[PDB]
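K.L.:
Sending over a structure as structure tokens; questions will come in a sec.
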Amino acid sequence: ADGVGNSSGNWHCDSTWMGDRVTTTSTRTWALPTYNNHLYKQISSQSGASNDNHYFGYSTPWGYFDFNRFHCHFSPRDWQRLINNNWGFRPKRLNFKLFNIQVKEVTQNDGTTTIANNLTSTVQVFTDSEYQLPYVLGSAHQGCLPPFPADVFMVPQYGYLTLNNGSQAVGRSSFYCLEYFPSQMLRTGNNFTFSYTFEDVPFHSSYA
Amino acid sequence: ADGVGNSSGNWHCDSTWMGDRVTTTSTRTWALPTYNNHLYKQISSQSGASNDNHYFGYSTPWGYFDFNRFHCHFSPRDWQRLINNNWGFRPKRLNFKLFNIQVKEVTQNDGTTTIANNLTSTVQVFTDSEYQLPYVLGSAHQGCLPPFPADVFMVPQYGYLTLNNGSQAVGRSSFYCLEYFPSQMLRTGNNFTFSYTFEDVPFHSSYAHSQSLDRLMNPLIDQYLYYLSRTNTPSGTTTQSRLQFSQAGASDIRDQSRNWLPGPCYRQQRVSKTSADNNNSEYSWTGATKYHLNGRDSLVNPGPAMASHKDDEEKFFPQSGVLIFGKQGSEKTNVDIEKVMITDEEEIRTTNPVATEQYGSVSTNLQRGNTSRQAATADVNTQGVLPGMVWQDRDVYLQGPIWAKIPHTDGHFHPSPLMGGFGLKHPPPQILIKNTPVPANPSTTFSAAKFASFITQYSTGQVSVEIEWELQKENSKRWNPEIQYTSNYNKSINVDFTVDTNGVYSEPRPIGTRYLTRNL
Amino acid sequence: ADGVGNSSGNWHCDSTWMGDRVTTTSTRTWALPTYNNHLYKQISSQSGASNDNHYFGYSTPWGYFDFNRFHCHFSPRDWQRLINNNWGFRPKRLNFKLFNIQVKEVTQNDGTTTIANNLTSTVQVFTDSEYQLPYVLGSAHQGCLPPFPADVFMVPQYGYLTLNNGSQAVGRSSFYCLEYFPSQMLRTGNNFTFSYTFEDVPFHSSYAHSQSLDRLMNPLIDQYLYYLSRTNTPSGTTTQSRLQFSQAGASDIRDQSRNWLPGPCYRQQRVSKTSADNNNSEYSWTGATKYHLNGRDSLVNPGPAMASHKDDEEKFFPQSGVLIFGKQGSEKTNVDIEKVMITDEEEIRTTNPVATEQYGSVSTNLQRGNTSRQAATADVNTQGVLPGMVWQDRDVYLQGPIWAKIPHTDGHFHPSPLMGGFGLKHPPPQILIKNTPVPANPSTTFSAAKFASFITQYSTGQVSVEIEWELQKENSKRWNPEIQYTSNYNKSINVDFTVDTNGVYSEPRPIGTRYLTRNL
């Protein structure tokens, strides 16, 4: 879309209050490494663990973008404006964008770390809009968008757990390959976007 | 098309089931090196090889994209959905795409390997849609699209064989230069695509017959036809020749008059999975089933479709009559039986003769009374096609091949590939890809010698294969439940058809397609 | 439709010849009892039976209407009119009707059998037009429509066999409940009807070739091709190897170059109608021609179409290579030869090998001079289909079957039924009929046990079958008269194909169709 040298997006971090609506926008800089060396690895609880701590699952080479915390969208002044004046609030719709994607190639020769641009490499992005993957958001996991807009954050590694009989698996355990999903390939100059509408939910009781 | 920094394609790996159709799409990441250092090399069998192993051919600097295996398009869940619900399937059309092509230049200075982008280099891609090149697909060769979508695979090198008189060639031997074909040159940002339509082919028999060919009668009603049941009667204290005839019913069900015959046979030697049960000798070739062609013996493998074993003999399999797939990590030469998975063709024993047994018996003389000559019979170890013969083709497997090219010959009978799959007069064309040679620094003085120094480079990219399949929906009226493929509920260290703690994908067993049942 | 006292059909038994078509209509009176006491019973081979005789299946309370014999539609005069004037025929369409259905209730009190009408009971009739049930028609079973229109026949009980491992079943064995099909319920006054169209099938070869396959040349003109006629010449007082070639003419007519070969063969043992000529031993199975399927031997009967005997050997017939029909009043087990009528397939010896002889001879070694090795040959007792092979199918008979269902298999070669007739992928559907169970007096207290007491009853009615046949008119240009089927003028106690003083209808001999002649 923008090849090499044309920006594919702008920095939009702000909030607009219009009557009975507040629209919060946040922009962050993320870093995504290579996870598991491009491999899917079966993971399980260590031998000798207690029965309550036994688990079985899979670790994927993918990362995921988490913004399931209020500090990712509201500044402290925004929070004070929200909670001191409103009896309730609820989300309505969201818009998501990935842009200005740069792929960096890292080499190490004779103890020297050299980083150079890779203008032909891609990143695969897709949204699980059919909810066919285990939903690991909402478990209060680290790796969200940092509360301060100037902070740079690492993209957390995606992984899921399935049925386990101790440290082993059962026949009902499910395995998911994330490359079996249609994904969008983005070079430097390509951007990704999608829009989502929240279902009708009760207003949060922001009152005593 | 997309210069440097614009993607020329997307990752499409998925399947859509819509009524009587299933469309499977797969995307993989491939790596293509430089083969033969941009040269065509004449190849031949080594001196001292046996006559059966003699060959002559050419090795080309090109590679080819192979997706002639079901695991390249169907996930194990997709295969289970296909085989547990459909009485047949066949391919309809396919779409192919190469995109996100990156050419990498490799240099080596003072023992250091440095890889950098080459944004101006090209890769040459063309499809042999006129079938003017030797068709090497359909020979069960390695180098296909890996079954796991996350695996990266190397593009296999293309090569062909021609006529040979020993290790030498003859005047009729053909040489093919693949640069004499029009090819499309792709830089980083260019993509390649083409569409193909399969010819009309029979649906694969993804079912097992619930009736046997010798048990198609009504057991309650006798036949009105008579058969010779006795040839003598007690006379005095000796015997006297006397012909008698009976109508066949349930008690003598083997003598009933029938309209059909079991399919053709080409007997195989019987080997047992229990080692001690086998003969203590080297009989992999002396006892092997072979065909003779131009003075050379070739192994018949797997040969005509025949049942692996009869009832309650699952440990026995034909010596070269079944497909044998390797487990994950299996070597190439002389691996043990526990390292391989041997397929079973027992679902076709209803109509097809057992591979290791005779087709039947025929008379060899003329019996006569009083000198007297008693009737004699011989085993029929090889039986050609007879009128009224019915048979089932070999089953297809998830790891098995999909199609093969029917040889361009004046005559052929039932051109279903013997290894299993769909016989196509115009199969999906070979897709040839190679890196364009980039000459290194030339001499400032003109030299008529052809260039021998080139910049070392390889290419990487993504490949997409989308195939539409037509389904033959099951329409059974049986009352009791059917056999279905299923995962085992009991706990295990690893889940089947997943990755282990090393992230290594494995296929624990071969899965056929014949689980539902249909009447004969 | 017609309640009680109104007829729901008429008697239509006749044939109409109109140009290239003949429409035969037949009406019969049938009786249908209650089978298995309204129960489905699992059936299997008796313990102690041989492996070849093992089976497993189910017996159903339903009956079926069978008209798969030519005598059910053609009178002997109709057959003579068909076979003396036509070079071929094939079925085109059929119409079926059940009408005038009466349900009779049978009671037995103090040793007295009383039969009364049941005007409210029904009979369930349905046609298996989707072929979801095991097709038991075409196995030459008794219970067809009687050849004489005045005879009343019992409806045969329907039953099928499924997969068996010995006397037991396997997981792939299928069970079918015929009440899981939609059926039409008919009281007295209701009728059933359905129409069926035959698929396109080849005309039956109702002719005998007036030329032999080895005598197709011009006897007056020599061939321009040469054959090896001599292999040595007199040299001195000994012999010397020397190849010589000759052009074949009439004197060496056996050496002429030919374009075609006789049809395939599967050798049968030769038996003689003269008892003393046979070997004094029990060879009905040891010397029998068999095929091996899943570890069980089945008799090959009648097998591939082959000539019964050569010239001037009419007393010889293949052991299980011809259809054998029973004379009127013939028993079931071990009847004498005078109680049966053995058919003859001598009209096809022009193109088909004799059943009891070898197909030919082939070389088995490589002859060489000076150690020296002399040329050796072997008999070919079994010959598969070769390119250039021509053959004739088995003849059909008035008492013989008409059609058979081609098994649903991936492959089959020349799907003409081996017992004779027309191979149909979609044959006329099975027509299943049974009496609706009428429960007897129930208990005034509720019981969850299924009903085991029923009112004894049977049904009677009329059945009509009308088939349209297409004729292939003879267009011969031979000068001298042809062989025609005819009655014998000499006086006799009984007329052929009539009733005797007991009013018992009999068919004195089998009548084929191959009386007219056509050139090869």
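By order of appearance in the structure tokens: chains A, B, ..., then residues from 1 within every chain, and ligands from 1 in the order shown.
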Within 7 Å of residue 99 in chain B, counting only C-alpha atoms, which residues qualify if same-chain residues fewer than 2 places away don't, as a list in words?
P.N.:
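The contact residues come out as residues 8, 9, 97, 101, 190, 191, 192, 461, 462 and 463 of chain B.
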K.L.:
Neighbours of residue 229 in chain B within 8 Å (only C-alpha atoms; same-chain residues fewer than 2 positions away dropped), as a VMD selection string?
P.N.:
(chain B and resid 227 231 243 to 246) or (chain C and resid 284 334)
K.L.:
Emit the selected residues as a PDB file, in the first residue's frame, including C-alpha atoms.
P.N.:
```pdb
ATOM      1  CA  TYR B 227     -25.763 -78.489 -10.223  1.00  0.00           C
ATOM      2  CA  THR B 231     -20.673 -88.448  -9.419  1.00  0.00           C
ATOM      3  CA  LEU B 243     -24.440 -88.518 -12.140  1.00  0.00           C
ATOM      4  CA  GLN B 244     -26.890 -86.779  -9.805  1.00  0.00           C
ATOM      5  CA  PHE B 245     -28.031 -83.168  -9.596  1.00  0.00           C
ATOM      6  CA  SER B 246     -29.386 -81.011  -6.782  1.00  0.00           C
TER       7      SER B 246
ATOM      8  CA  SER C 284     -18.199 -83.139  -8.006  1.00  0.00           C
ATOM      9  CA  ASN C 334     -29.517 -85.967  -5.999  1.00  0.00           C
TER      10      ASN C 334
END
```
K.L.:
Can you list every residue in range 129-179 of chain A that DSSP puts in strand (DSSP E or B), as a ChimeraX atom specification?
P.N.:
/A:144,152-154,157-162,164-165,168-169
K.L.:
Restricting the output to N, CA and C atoms, write the selected residues as a PDB file, in the first residue's frame.
P.N.:
```
ATOM      1  N   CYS A 144      -0.428  -6.304  28.149  1.00  0.00           N
ATOM      2  CA  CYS A 144      -1.387  -5.385  27.563  1.00  0.00           C
ATOM      3  C   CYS A 144      -0.678  -4.150  27.010  1.00  0.00           C
ATOM      4  N   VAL A 152       7.016   1.428  25.220  1.00  0.00           N
ATOM      5  CA  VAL A 152       7.059   0.410  24.177  1.00  0.00           C
ATOM      6  C   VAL A 152       6.940  -0.953  24.841  1.00  0.00           C
ATOM      7  N   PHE A 153       6.076  -1.807  24.301  1.00  0.00           N
ATOM      8  CA  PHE A 153       5.749  -3.078  24.926  1.00  0.00           C
ATOM      9  C   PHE A 153       5.987  -4.239  23.971  1.00  0.00           C
ATOM     10  N   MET A 154       6.320  -5.389  24.549  1.00  0.00           N
ATOM     11  CA  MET A 154       6.478  -6.629  23.804  1.00  0.00           C
ATOM     12  C   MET A 154       5.133  -7.330  23.668  1.00  0.00           C
ATOM     13  N   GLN A 157       3.205 -13.903  24.017  1.00  0.00           N
ATOM     14  CA  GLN A 157       3.086 -15.137  23.253  1.00  0.00           C
ATOM     15  C   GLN A 157       1.746 -15.809  23.519  1.00  0.00           C
ATOM     16  N   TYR A 158       1.109 -16.279  22.450  1.00  0.00           N
ATOM     17  CA  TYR A 158      -0.187 -16.929  22.568  1.00  0.00           C
ATOM     18  C   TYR A 158      -0.013 -18.402  22.912  1.00  0.00           C
ATOM     19  N   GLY A 159      -0.834 -18.881  23.838  1.00  0.00           N
ATOM     20  CA  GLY A 159      -0.834 -20.279  24.221  1.00  0.00           C
ATOM     21  C   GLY A 159      -2.147 -20.617  24.881  1.00  0.00           C
ATOM     22  N   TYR A 160      -2.517 -21.891  24.800  1.00  0.00           N
ATOM     23  CA  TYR A 160      -3.801 -22.336  25.314  1.00  0.00           C
ATOM     24  C   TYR A 160      -3.638 -23.676  26.012  1.00  0.00           C
ATOM     25  N   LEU A 161      -4.598 -23.982  26.876  1.00  0.00           N
ATOM     26  CA  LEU A 161      -4.662 -25.254  27.574  1.00  0.00           C
ATOM     27  C   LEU A 161      -5.884 -26.035  27.116  1.00  0.00           C
ATOM     28  N   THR A 162      -5.747 -27.355  27.106  1.00  0.00           N
ATOM     29  CA  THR A 162      -6.849 -28.236  26.750  1.00  0.00           C
ATOM     30  C   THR A 162      -7.041 -29.263  27.860  1.00  0.00           C
ATOM     31  N   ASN A 164      -6.784 -32.372  30.294  1.00  0.00           N
ATOM     32  CA  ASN A 164      -5.609 -33.148  30.747  1.00  0.00           C
ATOM     33  C   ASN A 164      -6.015 -34.171  31.798  1.00  0.00           C
ATOM     34  N   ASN A 165      -5.438 -35.364  31.752  1.00  0.00           N
ATOM     35  CA  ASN A 165      -5.628 -36.345  32.844  1.00  0.00           C
ATOM     36  C   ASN A 165      -4.270 -36.365  33.532  1.00  0.00           C
ATOM     37  N   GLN A 168      -0.753 -35.751  31.302  1.00  0.00           N
ATOM     38  CA  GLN A 168      -1.037 -36.302  29.986  1.00  0.00           C
ATOM     39  C   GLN A 168      -2.310 -35.693  29.409  1.00  0.00           C
ATOM     40  N   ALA A 169      -2.602 -36.067  28.170  1.00  0.00           N
ATOM     41  CA  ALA A 169      -3.798 -35.626  27.473  1.00  0.00           C
ATOM     42  C   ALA A 169      -4.798 -36.770  27.354  1.00  0.00           C
TER      43      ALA A 169
END
```
K.L.:
At what distance in Å, to one decimal, does CA of residue 63 in chain C lie from CA of residue 183 in chain C?
P.N.:
13.4 Å
K.L.:
How would you write, as a list in words, the set of residues in range 14-197 of chain A that DSSP gives as alpha helix (DSSP H)?
P.N.:
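Answer for range 14-197 of chain A restricted to alpha helix (DSSP H) is residues 76, 77, 78, 79, 80, 81, 82 and 83 of chain A.
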K.L.:
With N, CA and C atoms retained, write the just-selected residues as a tab-separated table (two decimals), in the first residue's frame.
P.N.:
```tsv
chain	number	residue	atom	x	y	z
A	76	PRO	N	-5.56	8.86	33.55
A	76	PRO	CA	-6.09	9.12	34.90
A	76	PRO	C	-7.04	10.30	34.97
A	77	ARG	N	-6.76	11.38	34.23
A	77	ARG	CA	-7.70	12.49	34.15
A	77	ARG	C	-9.00	12.07	33.48
A	78	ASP	N	-8.91	11.24	32.44
A	78	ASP	CA	-10.10	10.71	31.80
A	78	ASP	C	-10.91	9.85	32.76
A	79	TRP	N	-10.23	9.02	33.55
A	79	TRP	CA	-10.91	8.21	34.55
A	79	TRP	C	-11.60	9.07	35.60
A	80	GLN	N	-10.92	10.13	36.06
A	80	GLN	CA	-11.53	11.02	37.05
A	80	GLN	C	-12.74	11.73	36.47
A	81	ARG	N	-12.65	12.16	35.20
A	81	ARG	CA	-13.80	12.77	34.54
A	81	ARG	C	-14.95	11.78	34.38
A	82	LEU	N	-14.64	10.51	34.14
A	82	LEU	CA	-15.68	9.50	33.97
A	82	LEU	C	-16.38	9.19	35.29
A	83	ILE	N	-15.60	8.96	36.36
A	83	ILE	CA	-16.17	8.43	37.59
A	83	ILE	C	-16.80	9.49	38.48
```
K.L.:
Only residues of chain B matter here; which ones have an atom within 10 Å of chain A, counting only C-alpha atoms? Give them as a count of residues only.
P.N.:
59
K.L.:
To one decimal place in Å, what is the distance between CA of residue 52 in chain B and CA of residue 167 in chain B?
P.N.:
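Value for the CA of residue 52 in chain B-CA of residue 167 in chain B distance: 10.9 Å.
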K.L.:
Find the residue from B:232, B:80, B:46, B:319 that sits nearest to chain C; use only C-alpha atoms when measuring.
P.N.:
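Result for the nearest residue to chain C: B:232.
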K.L.:
Grab the CA of residue 345 in chain B to CA of residue 55 in chain C distance for me, in Å with one decimal place.
P.N.:
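According to the coordinates, CA of residue 345 in chain B and CA of residue 55 in chain C are separated by 21.7 Å.
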K.L.:
Could you check the closest approach to chain B for each of C:260, C:198, C:89, C:35 and tell me which residue wins, using only C-alpha atoms?
P.N.:
C:35
K.L.:
If we count only C-alpha atoms, what is near range 22-34 of chain A at a cut-off of 8 Å, once residues fewer than 5 positions away on the same chain are taken out, given as a ChimeraX atom specification?
P.N.:
/A:11-17,61,63,72-74,145-146,149-155
K.L.:
Restricting the calculation to only C-alpha atoms, which member of C:256, C:47, C:416, C:475 is positioned closest to residue 394 in chain C?
P.N.:
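Result for the nearest residue to residue 394 in chain C: C:416.
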K.L.:
Could you pull the residues within 8 Å of residue 283 in chain C, counting only C-alpha atoms, minus those fewer than 5 positions along the same chain, as a PyMOL selection string?
P.N.:
(chain B and resi 230-231+375) or (chain C and resi 288)
K.L.:
Calculated over only C-alpha atoms, which of the candidates A:97, A:54, A:21, A:71 has the smallest distance to residue 196 in chain A?
P.N.:
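Looking only at the distances to residue 196 in chain A, the closest residue turns out to be A:97.
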K.L.:
Using only C-alpha atoms, which of B:180, B:479, B:131, B:65 sits nearest chain C?
P.N.:
B:479
K.L.:
I'd like the neighbourhood of range 120-129 of chain C as a PyMOL selection string, where a residue qualifies if any of its atoms comes within 9 Å (using only C-alpha atoms), though same-chain residues fewer than 3 positions away should be ignored.
P.N.:
chain C and resi 101-104+132-133+181-188+192+194+426+428-438+459
K.L.:
Using only C-alpha atoms, pick whichever of C:98, C:1, C:471, C:293 has the shortest atom-to-atom distance to residue 358 in chain B.
P.N.:
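Selected residue with least distance to residue 358 in chain B: C:293.
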